[PDB]
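Asker: What follows is coords.pdb, PDB, C-alpha atoms and all ligand atoms.
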```
MODEL        1
ATOM      1  CA  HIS A  85      30.904 138.843 152.738  1.00  0.00           C
ATOM      2  CA  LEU A  86      33.270 141.807 152.614  1.00  0.00           C
ATOM      3  CA  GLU A  87      31.116 144.714 153.772  1.00  0.00           C
ATOM      4  CA  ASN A  88      31.024 148.285 152.442  1.00  0.00           C
ATOM      5  CA  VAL A  89      33.556 147.387 149.742  1.00  0.00           C
ATOM      6  CA  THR A  90      33.023 148.017 146.021  1.00  0.00           C
ATOM      7  CA  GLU A  91      36.061 146.569 144.260  1.00  0.00           C
ATOM      8  CA  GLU A  92      36.079 146.658 140.470  1.00  0.00           C
ATOM      9  CA  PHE A  93      36.461 143.382 138.568  1.00  0.00           C
ATOM     10  CA  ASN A  94      37.551 142.665 135.008  1.00  0.00           C
ATOM     11  CA  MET A  95      37.016 139.232 133.461  1.00  0.00           C
ATOM     12  CA  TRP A  96      38.699 139.866 130.100  1.00  0.00           C
ATOM     13  CA  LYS A  97      41.839 141.486 131.524  1.00  0.00           C
ATOM     14  CA  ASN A  98      41.925 138.910 134.344  1.00  0.00           C
ATOM     15  CA  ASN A  99      45.017 136.711 134.388  1.00  0.00           C
ATOM     16  CA  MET A 100      43.516 133.718 136.216  1.00  0.00           C
ATOM     17  CA  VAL A 101      42.058 132.627 132.873  1.00  0.00           C
ATOM     18  CA  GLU A 102      45.462 132.887 131.170  1.00  0.00           C
ATOM     19  CA  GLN A 103      47.121 130.972 134.009  1.00  0.00           C
ATOM     20  CA  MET A 104      44.375 128.405 133.433  1.00  0.00           C
ATOM     21  CA  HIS A 105      45.160 128.192 129.714  1.00  0.00           C
ATOM     22  CA  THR A 106      48.913 127.582 129.925  1.00  0.00           C
ATOM     23  CA  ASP A 107      48.391 125.128 132.793  1.00  0.00           C
ATOM     24  CA  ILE A 108      46.100 122.821 130.803  1.00  0.00           C
ATOM     25  CA  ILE A 109      48.442 122.811 127.795  1.00  0.00           C
ATOM     26  CA  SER A 110      51.446 121.930 129.957  1.00  0.00           C
ATOM     27  CA  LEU A 111      49.264 119.447 131.854  1.00  0.00           C
ATOM     28  CA  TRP A 112      48.085 117.740 128.658  1.00  0.00           C
ATOM     29  CA  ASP A 113      51.581 117.450 127.168  1.00  0.00           C
ATOM     30  CA  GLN A 114      52.900 115.983 130.421  1.00  0.00           C
ATOM     31  CA  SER A 115      50.277 113.213 130.207  1.00  0.00           C
ATOM     32  CA  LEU A 116      51.340 112.151 126.688  1.00  0.00           C
ATOM     33  CA  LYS A 117      55.122 112.547 126.894  1.00  0.00           C
ATOM     34  CA  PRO A 118      55.733 109.103 128.488  1.00  0.00           C
ATOM     35  CA  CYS A 119      53.817 106.782 126.149  1.00  0.00           C
ATOM     36  CA  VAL A 120      53.975 104.913 122.839  1.00  0.00           C
ATOM     37  CA  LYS A 121      55.014 107.033 119.855  1.00  0.00           C
ATOM     38  CA  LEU A 122      53.408 105.949 116.586  1.00  0.00           C
ATOM     39  CA  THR A 123      56.076 107.040 114.120  1.00  0.00           C
ATOM     40  CA  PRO A 124      55.968 103.630 112.317  1.00  0.00           C
ATOM     41  CA  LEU A 125      52.297 104.305 111.420  1.00  0.00           C
ATOM     42  CA  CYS A 126      53.343 106.372 108.357  1.00  0.00           C
ATOM     43  CA  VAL A 127      53.202 103.884 105.472  1.00  0.00           C
ATOM     44  CA  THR A 128      51.228 103.638 102.250  1.00  0.00           C
ATOM     45  CA  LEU A 129      47.700 102.538 103.172  1.00  0.00           C
ATOM     46  CA  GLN A 130      45.497 100.579 100.757  1.00  0.00           C
ATOM     47  CA  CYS A 131      41.902 100.899 101.941  1.00  0.00           C
ATOM     48  CA  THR A 132      38.424  99.885 100.824  1.00  0.00           C
ATOM     49  CA  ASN A 133      34.789 100.705 101.575  1.00  0.00           C
ATOM     50  CA  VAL A 134      32.622  98.530 103.838  1.00  0.00           C
ATOM     51  CA  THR A 135      29.356  96.810 102.847  1.00  0.00           C
ATOM     52  CA  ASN A 136      27.772  99.103 100.339  1.00  0.00           C
ATOM     53  CA  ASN A 137      26.553  95.659  99.176  1.00  0.00           C
TER      54      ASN A 137
ATOM     55  CA  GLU B   5      13.395 101.352  83.531  1.00  0.00           C
ATOM     56  CA  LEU B   6      15.319  98.125  84.127  1.00  0.00           C
ATOM     57  CA  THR B   7      15.969  94.899  82.221  1.00  0.00           C
ATOM     58  CA  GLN B   8      14.783  91.397  83.091  1.00  0.00           C
ATOM     59  CA  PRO B   9      14.786  88.197  81.011  1.00  0.00           C
ATOM     60  CA  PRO B  10      11.198  87.192  80.240  1.00  0.00           C
ATOM     61  CA  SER B  11      11.727  83.510  79.448  1.00  0.00           C
ATOM     62  CA  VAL B  12      14.390  81.163  80.795  1.00  0.00           C
ATOM     63  CA  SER B  13      13.922  77.392  81.041  1.00  0.00           C
ATOM     64  CA  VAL B  14      16.024  74.961  83.099  1.00  0.00           C
ATOM     65  CA  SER B  15      16.062  71.349  84.204  1.00  0.00           C
ATOM     66  CA  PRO B  16      14.043  70.377  87.307  1.00  0.00           C
ATOM     67  CA  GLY B  17      15.990  69.520  90.433  1.00  0.00           C
ATOM     68  CA  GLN B  18      18.852  71.698  89.140  1.00  0.00           C
ATOM     69  CA  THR B  19      19.994  75.226  89.931  1.00  0.00           C
ATOM     70  CA  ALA B  20      18.688  78.245  88.011  1.00  0.00           C
ATOM     71  CA  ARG B  21      19.682  81.842  87.299  1.00  0.00           C
ATOM     72  CA  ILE B  22      17.569  85.013  87.278  1.00  0.00           C
ATOM     73  CA  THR B  23      18.945  88.428  86.331  1.00  0.00           C
ATOM     74  CA  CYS B  24      17.833  92.045  86.643  1.00  0.00           C
ATOM     75  CA  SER B  25      20.109  94.704  85.148  1.00  0.00           C
ATOM     76  CA  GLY B  26      20.062  98.438  85.787  1.00  0.00           C
ATOM     77  CA  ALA B  27      22.000 101.462  86.978  1.00  0.00           C
ATOM     78  CA  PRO B  28      20.433 102.244  90.406  1.00  0.00           C
ATOM     79  CA  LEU B  29      21.544  98.845  91.749  1.00  0.00           C
ATOM     80  CA  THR B  30      23.502 100.751  94.418  1.00  0.00           C
ATOM     81  CA  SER B  31      20.635 102.507  96.235  1.00  0.00           C
ATOM     82  CA  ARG B  32      18.282  99.765  97.441  1.00  0.00           C
ATOM     83  CA  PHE B  33      19.022  96.052  97.026  1.00  0.00           C
ATOM     84  CA  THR B  34      16.885  94.045  94.542  1.00  0.00           C
ATOM     85  CA  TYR B  35      13.760  92.026  95.545  1.00  0.00           C
ATOM     86  CA  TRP B  36      11.837  89.797  93.111  1.00  0.00           C
ATOM     87  CA  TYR B  37       8.619  88.059  94.295  1.00  0.00           C
ATOM     88  CA  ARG B  38       6.746  85.324  92.377  1.00  0.00           C
ATOM     89  CA  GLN B  39       3.355  85.514  90.649  1.00  0.00           C
ATOM     90  CA  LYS B  40       1.286  82.341  90.569  1.00  0.00           C
ATOM     91  CA  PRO B  41      -1.679  82.291  88.160  1.00  0.00           C
ATOM     92  CA  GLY B  42      -4.477  84.201  89.875  1.00  0.00           C
ATOM     93  CA  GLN B  43      -2.666  84.721  93.191  1.00  0.00           C
ATOM     94  CA  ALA B  44      -0.877  87.553  95.000  1.00  0.00           C
ATOM     95  CA  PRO B  45       2.936  87.766  95.078  1.00  0.00           C
ATOM     96  CA  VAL B  46       4.990  86.572  98.042  1.00  0.00           C
ATOM     97  CA  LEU B  47       8.374  87.614  99.424  1.00  0.00           C
ATOM     98  CA  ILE B  48      11.027  85.551  97.666  1.00  0.00           C
ATOM     99  CA  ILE B  49      13.788  87.359  99.545  1.00  0.00           C
ATOM    100  CA  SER B  50      14.030  89.995 102.244  1.00  0.00           C
ATOM    101  CA  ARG B  51      16.514  92.076 104.219  1.00  0.00           C
ATOM    102  CA  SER B  52      16.751  92.183 108.020  1.00  0.00           C
ATOM    103  CA  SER B  53      20.158  93.933 108.208  1.00  0.00           C
ATOM    104  CA  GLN B  54      23.184  94.061 105.887  1.00  0.00           C
ATOM    105  CA  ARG B  55      24.375  90.654 104.583  1.00  0.00           C
ATOM    106  CA  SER B  56      21.876  88.388 106.394  1.00  0.00           C
ATOM    107  CA  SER B  57      19.254  88.428 103.641  1.00  0.00           C
ATOM    108  CA  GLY B  58      19.451  85.534 101.171  1.00  0.00           C
ATOM    109  CA  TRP B  59      21.034  82.962 103.499  1.00  0.00           C
ATOM    110  CA  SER B  60      19.137  79.787 104.274  1.00  0.00           C
ATOM    111  CA  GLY B  61      15.502  79.950 103.193  1.00  0.00           C
ATOM    112  CA  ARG B  62      17.047  78.334 100.044  1.00  0.00           C
ATOM    113  CA  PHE B  63      17.628  80.627  97.037  1.00  0.00           C
ATOM    114  CA  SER B  64      20.535  82.931  97.742  1.00  0.00           C
ATOM    115  CA  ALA B  65      21.550  85.862  95.567  1.00  0.00           C
ATOM    116  CA  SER B  66      24.670  87.473  94.189  1.00  0.00           C
ATOM    117  CA  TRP B  67      25.369  91.019  93.081  1.00  0.00           C
ATOM    118  CA  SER B  68      28.219  91.179  90.559  1.00  0.00           C
ATOM    119  CA  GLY B  69      28.219  94.604  88.917  1.00  0.00           C
ATOM    120  CA  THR B  70      25.534  96.128  86.708  1.00  0.00           C
ATOM    121  CA  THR B  71      23.262  93.066  86.934  1.00  0.00           C
ATOM    122  CA  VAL B  72      22.389  90.983  89.985  1.00  0.00           C
ATOM    123  CA  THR B  73      21.880  87.232  90.266  1.00  0.00           C
ATOM    124  CA  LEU B  74      19.258  85.122  92.055  1.00  0.00           C
ATOM    125  CA  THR B  75      21.161  81.861  92.483  1.00  0.00           C
ATOM    126  CA  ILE B  76      18.229  79.680  93.596  1.00  0.00           C
ATOM    127  CA  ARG B  77      18.574  76.395  95.523  1.00  0.00           C
ATOM    128  CA  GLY B  78      19.254  72.984  94.012  1.00  0.00           C
ATOM    129  CA  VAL B  79      15.740  71.548  93.838  1.00  0.00           C
ATOM    130  CA  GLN B  80      13.493  73.313  91.321  1.00  0.00           C
ATOM    131  CA  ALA B  81      10.558  70.879  91.305  1.00  0.00           C
ATOM    132  CA  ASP B  82       7.167  72.520  90.616  1.00  0.00           C
ATOM    133  CA  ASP B  83       8.034  75.903  92.183  1.00  0.00           C
ATOM    134  CA  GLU B  84       7.262  77.579  88.846  1.00  0.00           C
ATOM    135  CA  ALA B  85       5.590  80.929  88.228  1.00  0.00           C
ATOM    136  CA  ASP B  86       6.407  84.423  86.931  1.00  0.00           C
ATOM    137  CA  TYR B  87       9.118  86.447  88.706  1.00  0.00           C
ATOM    138  CA  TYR B  88       9.540  90.228  88.630  1.00  0.00           C
ATOM    139  CA  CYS B  89      11.911  92.798  90.232  1.00  0.00           C
ATOM    140  CA  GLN B  90      11.202  95.746  92.551  1.00  0.00           C
ATOM    141  CA  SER B  91      13.976  98.089  93.890  1.00  0.00           C
ATOM    142  CA  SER B  92      14.007 101.905  94.190  1.00  0.00           C
ATOM    143  CA  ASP B  93      15.947 104.755  92.592  1.00  0.00           C
ATOM    144  CA  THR B  94      19.153 106.552  93.561  1.00  0.00           C
ATOM    145  CA  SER B  95      17.150 109.515  94.892  1.00  0.00           C
ATOM    146  CA  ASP B  96      14.823 107.079  96.732  1.00  0.00           C
ATOM    147  CA  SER B  97      11.984 108.764  94.827  1.00  0.00           C
ATOM    148  CA  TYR B  98       9.616 106.334  93.051  1.00  0.00           C
ATOM    149  CA  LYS B  99      10.101 102.661  92.148  1.00  0.00           C
ATOM    150  CA  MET B 100      10.598 101.107  88.730  1.00  0.00           C
ATOM    151  CA  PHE B 101       9.446  97.621  87.747  1.00  0.00           C
ATOM    152  CA  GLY B 102      11.020  96.185  84.613  1.00  0.00           C
ATOM    153  CA  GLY B 103       9.117  92.988  83.969  1.00  0.00           C
ATOM    154  CA  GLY B 104      10.615  89.632  84.726  1.00  0.00           C
ATOM    155  CA  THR B 105      10.885  85.936  84.017  1.00  0.00           C
ATOM    156  CA  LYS B 106       8.551  82.965  83.666  1.00  0.00           C
ATOM    157  CA  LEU B 107      10.473  79.712  84.144  1.00  0.00           C
ATOM    158  CA  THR B 108       9.216  76.256  83.158  1.00  0.00           C
TER     159      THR B 108
HETATM  160  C1  LIG A 201      33.250 103.918  98.184  1.00  0.00           C
HETATM  161  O1  LIG A 201      32.100 104.764  98.291  1.00  0.00           O
HETATM  162  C2  LIG A 201      32.255 106.013  97.626  1.00  0.00           C
HETATM  163  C3  LIG A 201      30.965 106.783  97.855  1.00  0.00           C
HETATM  164  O2  LIG A 201      29.865 106.012  97.351  1.00  0.00           O
HETATM  165  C4  LIG A 201      32.483 105.769  96.141  1.00  0.00           C
HETATM  166  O3  LIG A 201      32.674 107.032  95.496  1.00  0.00           O
HETATM  167  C5  LIG A 201      31.729 107.060  94.409  1.00  0.00           C
HETATM  168  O4  LIG A 201      32.209 106.239  93.340  1.00  0.00           O
HETATM  169  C6  LIG A 201      31.273 106.131  92.272  1.00  0.00           C
HETATM  170  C7  LIG A 201      31.846 105.108  91.295  1.00  0.00           C
HETATM  171  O5  LIG A 201      33.258 105.311  91.173  1.00  0.00           O
HETATM  172  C8  LIG A 201      31.029 107.510  91.658  1.00  0.00           C
HETATM  173  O6  LIG A 201      29.956 107.420  90.714  1.00  0.00           O
HETATM  174  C9  LIG A 201      30.429 107.574  89.363  1.00  0.00           C
HETATM  175  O7  LIG A 201      29.954 108.770  88.755  1.00  0.00           O
HETATM  176  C10 LIG A 201      30.529 108.935  87.459  1.00  0.00           C
HETATM  177  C11 LIG A 201      30.242 110.345  86.966  1.00  0.00           C
HETATM  178  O8  LIG A 201      30.652 111.211  88.029  1.00  0.00           O
HETATM  179  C12 LIG A 201      30.487 112.592  87.673  1.00  0.00           C
HETATM  180  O9  LIG A 201      29.151 113.049  87.863  1.00  0.00           O
HETATM  181  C13 LIG A 201      28.688 112.733  89.176  1.00  0.00           C
HETATM  182  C14 LIG A 201      27.209 113.084  89.287  1.00  0.00           C
HETATM  183  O10 LIG A 201      26.504 112.587  88.144  1.00  0.00           O
HETATM  184  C15 LIG A 201      29.505 113.532  90.184  1.00  0.00           C
HETATM  185  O11 LIG A 201      29.078 113.205  91.511  1.00  0.00           O
HETATM  186  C16 LIG A 201      30.985 113.205  90.029  1.00  0.00           C
HETATM  187  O12 LIG A 201      31.765 114.049  90.883  1.00  0.00           O
HETATM  188  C17 LIG A 201      31.403 113.406  88.577  1.00  0.00           C
HETATM  189  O13 LIG A 201      31.306 114.794  88.236  1.00  0.00           O
HETATM  190  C18 LIG A 201      29.981 107.845  86.543  1.00  0.00           C
HETATM  191  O14 LIG A 201      30.469 108.022  85.209  1.00  0.00           O
HETATM  192  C19 LIG A 201      30.392 106.489  87.111  1.00  0.00           C
HETATM  193  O15 LIG A 201      29.852 105.405  86.331  1.00  0.00           O
HETATM  194  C20 LIG A 201      30.634 104.600  85.342  1.00  0.00           C
HETATM  195  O16 LIG A 201      31.576 105.278  84.437  1.00  0.00           O
HETATM  196  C21 LIG A 201      32.756 105.873  84.992  1.00  0.00           C
HETATM  197  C22 LIG A 201      33.503 106.649  83.913  1.00  0.00           C
HETATM  198  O17 LIG A 201      33.809 105.779  82.819  1.00  0.00           O
HETATM  199  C23 LIG A 201      33.611 104.768  85.595  1.00  0.00           C
HETATM  200  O18 LIG A 201      34.788 105.334  86.181  1.00  0.00           O
HETATM  201  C24 LIG A 201      32.804 104.030  86.658  1.00  0.00           C
HETATM  202  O19 LIG A 201      33.573 102.935  87.172  1.00  0.00           O
HETATM  203  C25 LIG A 201      31.505 103.510  86.041  1.00  0.00           C
HETATM  204  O20 LIG A 201      31.819 102.485  85.091  1.00  0.00           O
HETATM  205  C26 LIG A 201      29.913 106.391  88.555  1.00  0.00           C
HETATM  206  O21 LIG A 201      28.483 106.387  88.592  1.00  0.00           O
HETATM  207  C27 LIG A 201      30.574 108.493  92.732  1.00  0.00           C
HETATM  208  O22 LIG A 201      30.494 109.817  92.186  1.00  0.00           O
HETATM  209  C28 LIG A 201      31.537 108.493  93.912  1.00  0.00           C
HETATM  210  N1  LIG A 201      31.019 109.338  94.976  1.00  0.00           N
HETATM  211  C29 LIG A 201      29.728 109.383  95.313  1.00  0.00           C
HETATM  212  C30 LIG A 201      29.091 110.741  95.250  1.00  0.00           C
HETATM  213  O23 LIG A 201      29.096 108.396  95.659  1.00  0.00           O
HETATM  214  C31 LIG A 201      33.683 104.859  95.916  1.00  0.00           C
HETATM  215  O24 LIG A 201      33.834 104.574  94.514  1.00  0.00           O
HETATM  216  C32 LIG A 201      33.474 103.578  96.717  1.00  0.00           C
HETATM  217  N2  LIG A 201      34.566 102.645  96.504  1.00  0.00           N
HETATM  218  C33 LIG A 201      34.347 101.338  96.343  1.00  0.00           C
HETATM  219  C34 LIG A 201      35.569 100.485  96.163  1.00  0.00           C
HETATM  220  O25 LIG A 201      33.222 100.863  96.352  1.00  0.00           O
ENDMDL
END
```
Mind converting the file's structure to structure tokens?
Ligand SMILES: *[C@@H]1O[C@H](CO)[C@@H](O[C@@H]2O[C@H](CO)[C@@H](O[C@@H]3O[C@H](CO[C@H]4O[C@H](CO)[C@@H](O)[C@H](O)[C@@H]4O)[C@@H](O)[C@H](O[C@H]4O[C@H](CO)[C@@H](O)[C@H](O)[C@@H]4O)[C@@H]3O)[C@H](O)[C@H]2NC(C)=O)[C@H](O)[C@H]1NC(C)=O
Answerer:
Amino acid sequence: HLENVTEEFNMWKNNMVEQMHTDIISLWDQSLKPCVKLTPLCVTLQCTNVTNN
Amino acid sequence: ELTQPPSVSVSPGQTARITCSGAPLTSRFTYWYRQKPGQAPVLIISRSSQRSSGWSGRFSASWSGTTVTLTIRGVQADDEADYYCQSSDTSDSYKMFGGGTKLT
């Protein structure tokens, strides 16, 4: 409990939140890069409703 | 404000056909019930969830397009009375009855 000190904070000009932001983005993309790409899923789809009855 | 045939006759022990035609046949199923002389109606058909409705009591029903069908079972011996139709409207508000059939 730092005594006698009165340091000024700023939560909107703080860069720990921006470091947080770019870390998650790079962390998300690293967890999808080695997996199955679904490029063949782009075909004409013929679809219907379900049990309006 | 629906249509129902008042008088159809068919051979006993054979299959029969009942129709009820209308526009709001998309909002709430069909129903029919049967009216014996001087007695209260009884559930001909019901709905417990989705397709499992007609099934195996006998009867069975089909819904083509504008009009629906009550394909009844094979035996038709003595089970004779007057049949109506219930159903609700597209806005769920109120219910219309449009008469029905008396088979012999
Ligand atoms: C899967 O489920 C969706 C949602 O239920 C269905 O989409 C509905 O489809 C029906 C039927 O195609 C549409 O209802 C039609 O409305 C026509 C008039 O529409 C105008 O006015 C209404 C309001 O009164 C507006 O909502 C609409 O935007 C329009 O301005 C009627 O004319 C239709 O009836 C008959 O005539 C027409 C014209 O000749 C024919 O094309 C029809 O086949 C029919 O013979 C009909 O009532 C409805 O608007 C759609 N959405 C809604 C809000 O439910 C899909 O159709 C369905 N697909 C399958 C395969 O079931």
Asker: Please identify all polymer residues within 7 Å of segment 46-62 of chain B, counting all atoms listed in the file, omitting same-chain residues fewer than 3 positions from it, and present them as number ranges by chain.
Answerer: B: 35-38, 65, 76-77
Asker: Report as a list in words the full result of the PyMOL selection byres (((not hetatm)) within 9 of (chain A and resi 201)) when it is applied to this structure.
Answerer: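 Given this file, the PyMOL selection byres (((not hetatm)) within 9 of (chain A and resi 201)) evaluates to residues 131, 132, 133, 134, 135, 136 and 137 of chain A; 27 and 30 of chain B.
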Asker: Could you please determine the separation between atom CA of residue 106 of chain B and atom CA of residue 22 of chain B in Å, to one decimal place?
Answerer: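 These atoms are spaced 9.9 Å apart.
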Asker: Draw an axis-aligned box over all listed atoms of segment 35-49 of chain B, pad each side with 3 Å, and write its centre and edge lengths in Å, one decimal, as lines of an AutoDock Vina configuration file.
Answerer:
```
center_x = 4.7
center_y = 87.2
center_z = 93.9
size_x = 24.3
size_y = 15.7
size_z = 17.4
```
Asker: Distance limit 10 Å, atoms considered: all atoms listed in the file. Which chain B residues sit that close to chain A? Return them as an NGL selection string.
Answerer: :B and (29-33 or 54-55 or 66-68)
Asker: Care to translate the PyMOL selection byres (((chain B and resi 82) around 10) and not hetatm) into actual residues of this file, as a CSV table (one decimal) with C-alpha atoms, keeping the file's coordinate frame?
Answerer:
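Final file, out.csv:
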```csv
chain,number,residue,atom,x,y,z
B,16,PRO,CA,14.0,70.4,87.3
B,17,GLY,CA,16.0,69.5,90.4
B,79,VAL,CA,15.7,71.5,93.8
B,80,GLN,CA,13.5,73.3,91.3
B,81,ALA,CA,10.6,70.9,91.3
B,83,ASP,CA,8.0,75.9,92.2
B,84,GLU,CA,7.3,77.6,88.8
B,85,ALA,CA,5.6,80.9,88.2
B,108,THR,CA,9.2,76.3,83.2
```
Asker: Pick out the closest residue to residue 39 of chain B from this set: B:23, B:105, B:73, B:64. Count all atoms listed in the file.
Answerer: B:105
Asker: Would you list the contacts of residue 98 of chain B as a list in words, taking every protein, DNA or RNA residue within 12 Å and counting all atoms listed in the file, but skipping same-chain residues closer than 4 positions in sequence?
Answerer: residues 5, 28, 32, 90, 91, 92, 93 and 94 of chain B
Asker: Restricted to C-alpha atoms, what would the selected residues look like written as a short mmCIF file (atom, residue, chain, number, x, y, z; two decimals), in the frame of the given file?
Answerer:
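Output file out23.cif follows:
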```
data_model
loop_
_atom_site.label_atom_id
_atom_site.label_comp_id
_atom_site.auth_asym_id
_atom_site.auth_seq_id
_atom_site.Cartn_x
_atom_site.Cartn_y
_atom_site.Cartn_z
CA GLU B 5 13.40 101.35 83.53
CA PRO B 28 20.43 102.24 90.41
CA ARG B 32 18.28 99.76 97.44
CA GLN B 90 11.20 95.75 92.55
CA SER B 91 13.98 98.09 93.89
CA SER B 92 14.01 101.90 94.19
CA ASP B 93 15.95 104.76 92.59
CA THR B 94 19.15 106.55 93.56
#
```
Asker: Between B:69, B:26, B:41, B:9, which has the minimum distance to residue 103 of chain B (counting all atoms listed in the file)?
Answerer: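 Under the stated criterion, the closest residue is B:9.
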Asker: One decimal, Å: what's the distance from atom CA of residue 108 of chain A over to atom CA of residue 94 of chain A, could you say?
Answerer: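 Value for the atom CA of residue 108 of chain A-atom CA of residue 94 of chain A distance: 22.0 Å.
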Asker: Report, in Å with one decimal, the straight-line distance from atom CA of residue 97 of chain A to atom CA of residue 114 of chain A.
Answerer: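 Between atom CA of residue 97 of chain A and atom CA of residue 114 of chain A the gap is 27.8 Å.
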Asker: Please write as a PyMOL selection string the full residue list that the PyMOL selection byres (((chain B and resi 12) around 6) and not hetatm) yields on this file.
Answerer: chain B and resi 11+13+107
